[PDB]
Structures are given as C-alpha cells and as structure tokens.
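Inspection log for the structure reproduced underneath, given as structure tokens.
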Amino acid sequence: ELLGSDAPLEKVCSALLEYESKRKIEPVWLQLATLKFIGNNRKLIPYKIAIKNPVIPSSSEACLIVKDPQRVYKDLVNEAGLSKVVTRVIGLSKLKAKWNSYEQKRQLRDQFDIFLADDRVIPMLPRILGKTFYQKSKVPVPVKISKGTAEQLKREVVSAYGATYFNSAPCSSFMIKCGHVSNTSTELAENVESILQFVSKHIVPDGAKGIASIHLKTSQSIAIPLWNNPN
Amino acid sequence: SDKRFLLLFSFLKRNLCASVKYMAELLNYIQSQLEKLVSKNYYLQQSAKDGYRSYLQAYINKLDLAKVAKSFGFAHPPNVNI
Amino acid sequence: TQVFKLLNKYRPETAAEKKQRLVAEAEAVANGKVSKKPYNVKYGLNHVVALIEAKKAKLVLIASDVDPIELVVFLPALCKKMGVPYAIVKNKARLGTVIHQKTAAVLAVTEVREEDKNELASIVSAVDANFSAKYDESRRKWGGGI
Amino acid sequence: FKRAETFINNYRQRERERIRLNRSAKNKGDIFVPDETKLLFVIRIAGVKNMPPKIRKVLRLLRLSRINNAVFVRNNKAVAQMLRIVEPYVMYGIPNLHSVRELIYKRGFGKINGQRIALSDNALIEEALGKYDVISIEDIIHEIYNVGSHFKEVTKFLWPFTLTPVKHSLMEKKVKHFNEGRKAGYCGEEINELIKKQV
Amino acid sequence: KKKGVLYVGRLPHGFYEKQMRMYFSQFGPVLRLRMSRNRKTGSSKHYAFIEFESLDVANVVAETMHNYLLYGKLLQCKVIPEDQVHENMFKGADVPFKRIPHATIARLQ
Amino acid sequence: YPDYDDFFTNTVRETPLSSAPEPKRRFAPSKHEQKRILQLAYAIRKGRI
RNA sequence: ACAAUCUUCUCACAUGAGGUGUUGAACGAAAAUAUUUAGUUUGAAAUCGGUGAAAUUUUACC
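So the sequences go chain by chain: K, D, G, t, o and m.
According to the entry's author numbering, the stretch in the first sequence is residues 5 to 28, 50 to 256, in order.
According to the entry's author numbering, the stretch in the second sequence is residues 320 to 335, 346 to 359, 473 to 501, 512 to 534, in order.
According to the entry's author numbering, the stretch in the third sequence is residues 88 to 120, 125 to 237, in order.
First residue of the fourth sequence: 51, per the entry's author numbering; consecutive thereafter.
First residue of the fifth sequence: 102, per the entry's author numbering; consecutive thereafter.
First residue of the sixth sequence: 199, per the entry's author numbering; consecutive thereafter.
Set out below in structure tokens:
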C-alpha cells in the first residue's frame, strides 16, 4: 500500500516458497531498484533493520568488540549471563595488536558467526579488520552497549539478534536479506513489509516514489517482481 | 592424525584411563589456542603429557608421533618413553 | 638490525628496574593489598643450550667471536639437530647490550607476546632465507687457506 | 645514500597526511576557535620531506617558510582554520605580555628595505613605521599585544624569529633528534614556558 | 649494451613507481619502469618489472635485494632472461596511472 | 681437509632431549621475588628503606 | 628518524540525523540495472596484461 497504493504481497511470497520447495537453508533476498543513487559512496556501517522474524539463527555465536578495558565488558557478560550467546569480547586495542596479519585476521573472523561492535568502536572498525572481514560477507553491527548495564547489553543483544543487517554502497540497486526458505510465508511477508517501511523511511531519499522496482528471490532463484511503480 | 581431537570437538559442539581424564580436563576448561592453554596451565599440562604416554603405549612405528602430539594439544611430541 | 629491533623490545629489566618495581609491591604489602608471565629474552650459555634441547627456543643468535671457540662451536650443529632456526650475529658486545651486560655468548628468543608474534615469524623466515638458505653448502668447506 | 626504507616512510607519511586533510576539510568544517585571546603564537615544530602541495603553500602564506620560525597571528575564523589545516606541524598557544616582551627585546628582527636587519635602533623603527604612529620598540610591543589598527603593518615589518632548540646539558648534545620534546597542536600557556626556556 | 630487465616481487605497501625509481637510480639509470596495478581501482598488485641498461647492472640488484626483509616482507627480485620477455612489460611505464571513478561517473550519467 | 660430513645432524629430532616433567616453578609466580618482597616490606615497616 | 594523527563518538531531541575508512590473486551466484551483487580457497601469496594547480609538462587516492 505504501509502495504503489497496493500490497500484492503474501500470495507472491507463498508462491515463491512453493517454487523453492518444488525446485528441490537458502536465504531470502529482496531485490530493490531505485530511480536514483541510494548513497553517494560506500557506507561500511550496518543498517539495524529490526524485523519480527530474525534471519540470524539463535544458535549463532556472537563476538562483541568493545572499547577498552575488556575486563569491564567481560564482567558485564558474566553478570548478564549472555555467555551462551556472547562468545567472546575483545577490546579495541587488543583487536589492533593481537590480530594483525591477513592469516590471523581470517582465523579470528571464521572463529565466530556474528561480530557485534560497540557504538563508540564501530568507526575505527573499518580498519583493523581489513577487506578480509569487511568484504567477505561479514560486517559488524552497531550494538548500543554504552549504558554499561546488564539490561542494556541484554536488550541490545536481543535487538541485534532480531534485526536484519544491511550495508548500503554507492549504487542504484541493492539486495537485502529477508529470511530463509524454512521461514513461514506470513513471517517473511511481515519482514519484507518491515524492511520496505525502513527502506522508504531512512534509505530511499524519495521514499516509495524513489523505489523503482521490487523483486524477491533466493540466492540462486529468479527475482520475481513483487510490485512495480505505476508512475 | 593431527586433527583427531578437532573432529571430535566440532562434532560434539554440533550435537551438544588417563586419556579419558585428559579429554574431560580440556572439555571442562573449554588449534593454537588449544596449544596455548595447555602450555600455560600446569595441572592441564600434566594430564596432557600423561595422556600421550598412555595412548602411544596402548597403541608403533606406523603412527606419526608429531601429529599425534598435536592431536592432544602440544606443540611438539614430548620426550615420552615408548 | 632487524633482529635487534625485535630483541630490544624483550630486554630483561635492569637491576635498577627490578628493585624499583619490587619496592612498589613491598609498600603495597606494607600498607594493604596477580600478574602475567614476564616476557623477555633468554641469555646465558647453559640456560640457552638447555632451551634448545628442551625445544623451548624459537630463534638462537650466536655471537660470532667468542674467545675460546669451544663454547659455541657445537651450537650450529645442535640447533640444526633440534630444528631451531639460528643465526651467527656479528660481535658479542651487540648481544651484550641487549641484556645489559658487557658480553653475551648467545641469545635466544623463546616466546613473544601475540602482538609481536607476527614480527618474529617474519624474521625467522628471513634468517632461513638469508643465513641458512644461503651458505649451507659453504658451511661444509674448510675455511681459510687464502 | 638513501635506503629503501625512507622512501616507504615518506609515502606512509604522505598518505597519512593526505587522508588527514580530507577528513579535516570535508565533513569537519568546524573549529573550536580558542577564545579570550585576540593574539596567538605559532611556531613550526617539524616538516616532512616531499611536502604536500597544500601545506607547502599554506606555511609560506603564514611566513613559516623554514623550521623553528616564530610568527604572531591575530585570532579569527580564517587564521584558526589554516592553523587547523597545518596542525600536525605547528605548536601554537597564547603568549603572555612578558613572553612577548622578551621575544621582541631579545630576538626581534626587522625587515628594513628587505634585508636581515636587527632591531638595533629605534630610529630605524620610526623611519620605516612613522606614518603608522610607530616610533619605538615599546610602541611595537604595545601595538602587537593590543592588536591595533597597525597590527597588520607591524607584523608585515617583523622578521620571523628563530627559536632553534637549545642544547646545554650533556644528555641533550647526545640524544638523537632532540627537540625538547616539542609536540604538535594546542599547548595553552605551555608555549609561554617554552619561550621562557627558549628566551 | 644488452637491455637488462628486472622483476621485483612482494612489494611493501608504499614501494611504488616513484619510490623505486629514486632508489634504483643511484644503483644505475633506470629507463622504463612499470608496476602492475588493479585494472578497476588502480590498487597495487605488489609486484613490478624494471629495466636496466645492462644485464650486468640488472644482475647487480638481484644479488643484493633478493630476500630483503622489508616491513615484514621478503623482497623477491631476480633477473628474468630475455628469451621470454614480452614486448610491453612497460606499456604505459613512467606514466601516472589512470584510475577512473567508475561509481561517480555512473551517478552523474 | 675433506668436506664436512654430518652423519648425525642430517635429521631433525622431534622429541625434547630431556624427559623430566616441568616443575611447578615455571607456572607459579616467582618464590625468589617473594623473599625479596617480604624482606623489602620488613625494612619499610622497621624503617630501613 | 622500517618513528609519525584511520577517530575508546558527536548533533538535534526516549528518539532522529550523522561517523568515510576496505592488500592482491584464483574458482565461481544469477539478478537488479558500468555500480552493488551466494558461497568459497590463501604466507598482507604475486613474474606482460571527467577534473585541475603549478612551470609545452609535473602530478603515482584529484
């Protein structure tokens, strides 16, 4: 309805799920085209797109890079009991020094699943990580833990787990992860609508008017157009 | 031969005499990271060195000893007798 | 100079520093009151020769001009035997200043912090390529006769 | 000779300097504008071989064509911006009246007819600065500290000072690249103490 | 006499076309120098080919800077015999490489 | 003056030469500095240092 | 002088708007349309592959 005064969703999402099952998890990515450049340059920061149905599995291990000292955050993780999810916390200084080489950085990357970062540390994270991390489909996210409280960290971790991750770069079209094939069609449609609202709100400069084409597909599927701009 | 423990560590995580004691000591405490902790822990190192003594003695010229020690979590094969 | 650039990070604390530090703990105990392993460079002939045999040494640097050459003449063979990358650095007085002594017959790097673990690995491959890859065969020819 | 390392070090500095300029100019057109002083004091700590073209011109625009030169600047939006551009090369602060007094009275140098001329006679000051109501050395210091109408003319006449680092004790004459530990950036009134040591 | 051509590998980040020229010049005059770079963004490929007037001068460097630990990198340089030298290792040599801003020109277009 | 012959060192010996275990000295904080520290505290208490 | 300033946060008001930075090489995904773009392997590996600012040419991230 926001896009073109109509919402041809749900039925398209259900059909895509049936087609994927027939063509026998594969991620669900929505292809969006804009009439103008979304960004003037590459923006190496996450887009905290909160959705009802998360795309990050709950079994994924998380590493939360924090500002120094690491002991304060490490004590906080112990107090909050998030050690089941927060696998390892590394200070910013110890991140710069301990892991320097391309080989060491690669292992320190593959040793986890999701690498969350503090709000005050996400800026310098562009370096001290290298193209090994920032380009091999593992970008940090800006988890807000500046309050320094167990509840604040627990709330941020829950929100980060339940939110999608996107990183805009200077182009006209981009793909955003919407879910998995195993996810329910209704849940995927709700997530797709939520991302669309976020896309028009803080991504597309012209909102739904700036959005030219919208299509959905899997990693290897065909981008079936969900809706098109009538004007 | 140098990745026997790694396969068991991964499989156990996915599906979560002295040699049996050595496995439990590391599992409770938990490749270079594994080799670092043992070489930095006194009680754990004694168990690990004992574990290699039992396994090599239990099993002679066919096994790659250096890879066997890496399986337990030591940098180099210890000076075990037989 | 690259070898000694690293070595001069792991210089053992002087007898001046070893006291000024230990007084700080003493006053902390005397009023009201634990650490990490001290990282430095291993020196001394008996101590180092033991380390190679115990395979605790990552890199051995042998003073080139020890006066009774009996002391180090067996070292390159032993370090080759245990597979410890070694080099024969020029002059003992250079190795002496690293440890705050007049002279050192032999140094050895046994373990460095993770921060400099990459630098040591880079140096070790250089000593392999510049010292042992080169020469090697020339080490098996009778010197002199010029 | 020149080793292959120094060629690297120049490049690393040049890209390090160049990236700093982009972040300083773009997205950071904001200056904190040191307040409560119309007059600042700026000296050049060090320069980098194969200078960036931008800094090379700007330093000349501030008359700091050579190292260890000392120049007064009237505080304003424009001057502080150029100082912010060349910040990693200059130590700047707020001189006190006394510190400015000894600078002129011990290291003040004039530019009479365009040669390196010491401010040895008050007649020369009156001769070259009479029409701007500047007659004496004491007129110079009063004008400079007060930054009057003739402040621009006086600063044009003044030759930059040379605060070469002093080497007296035995430790200084031996430590390599000794510059009294001169950092780069804002130093508040520490520049006064540095001048007191230097003059 | 005989045109010596030299390869240098494992270039530390920085040892670029100008830095090599002002270094190898004191060894001897350098005529045509190219350093391989990325087609898209002009980023360094970290290996360059240089030419020397004589192979004897060309082999001079190959026995000094070979395995030259530089910034943690072991410089790899040795003489490449002329039988297999191609025509244009120096196509565009000594010329400031053109990196075109593909993204911005697309947005303007 | 024949060329040097290495009839023993041509191979690399994987095991450490000594079999004895690592005494707990090399894992616990130094006892020798403890004598020095406690003697240092005593002088401070008794007013010698 | 293998040393140097790649940011341990800002603005408006709990919220919003920002932060400009990524070693190379190889196998590979089809889509939105020369930019993004699944999954991968590696020693920071390697051996041809439009625009000015200065004295016609000089730029080595413009």
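Where is the CB? At the ideal position from N, CA and C, for every residue including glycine.
For residue 479(D), the closest Cβ of chain m is not nearer than 8 Å.
When DSSP reads this structure, residue 119(t) sits in a beta bridge with 212(t). Residues of chain G with a Cβ closer than 8 Å to the Cβ of residue 122(K) are, in chain order, 205, 206.
Distance between residue 226(K) and residue 250(K), taken at the CA atoms: about 21 Å.
Taking CB atoms only, residue 136(G) has no neighbour in chain m less than 8 Å away. Between the region 84-100 of chain K and the region 140-150 of chain K, the count of C-beta pairs closer than 8 Å reaches three or more; the two stretches touch. Contacts between residue 129(K) and chain G, judged by CB atoms closer than 8 Å, involve 209 in chain order. In the DSSP assignment, residue 213(m) forms no beta bridge with any residue. Here residue 121(t) has 92, 112, 113, 114, 210 as same chain residues with Cβ atoms under 7 Å from its own Cβ, once five neighbours each way along the sequence are excluded.
Residue 119(o) sits away from residue 152(o), with the two beta carbons spaced by 8 Å or more. In this model, residue 210(K) and residue 18(K) are separated by some 5 Å (Cα to Cα). Neighbours of residue 227(m) in chain D, taken as residues at a C-beta separation under 8 Å, are lacking, since the least C-beta distance is about 12 Å. Each residue's CA atom was taken as its position, placing residue 225(m) and residue 164(G) some 33 Å apart.
In the structure shown, residue 205(t) falls within a helical segment according to DSSP collapsed to helix, strand and coil. In the structure shown, residue 85(t) adopts coil according to DSSP, grouped into three states.
Between residue 208(o) and chain K, the shortest Cβ-Cβ separation is below 8 Å. Judged by their CB atoms, residue 220(K) and residue 189(K) are nearer to each other than the 8 Å cut-off. Inter-residue distance for residue 131(K) and residue 473(D) is about 14 Å (C-alpha atoms, whole angstroms). Contacts with chain o at 8 Å (Cβ-Cβ) do not include residue 151(K). Interface annotation, residue 243(m): in contact with chain G, CB-CB separation under 8 Å.
Within chain G, the residues placing a beta-carbon under 9 Å from that of residue 214(m) are 144, 145, 146, 147, 173, ordered along the chain. The straight-line gap separating the alpha-carbon atoms of residue 127(t) and residue 245(t) is approximately 25 Å.
The continuous stretches of beta strand (DSSP E) do not include residue 127(o), which lies in the alpha helix (DSSP H) extending over residues 118-128. Of the residues assessed, residue 492(D) falls on the buried side of the cut-off, its CB having 16 or more other CB atoms within 10 angstroms. For the options 139(t), 118(t), 90(t), the alpha carbon positioned closest to that of residue 106(t) is the one of 139(t). The shortest CA-to-CA distance from residue 191(K) to any of 21(K), 177(K), 231(K), 69(K) is the one to 69(K). Between residue 195(G) and residue 186(G), the C-beta gap is smaller than 8 Å, which places the two residues in contact.
Relative to residue 112(o), the option among 106(o), 199(o), 173(o) whose CA is nearest is 173(o). The three-state secondary structure of residue 132(t), taken from DSSP, is helix. Between the C-alpha atoms of residue 352(D) and residue 203(G) there is a straight-line separation of about 28 Å. In the three-state reduction of the DSSP assignment, residue 141(t) falls in the strand class, which pools E and B. Residue 146(o) sits close to residue 137(o), with the two beta carbons spaced by under 8 Å.
Within the region 109-147 of chain K, the runs of beta strand (DSSP E) at least 3 residues long that lie entirely inside it are, in chain order, 111-113, 139-143. Taking 8 Å as the CB threshold, residue 215(G) stays off the interface with chain m. Here residue 67(K) really is in contact with residue 194(K); their C-beta atoms are around 4 Å apart, less than 8 Å.
Look at residue 484(D) here: in three-state DSSP terms it is helix.
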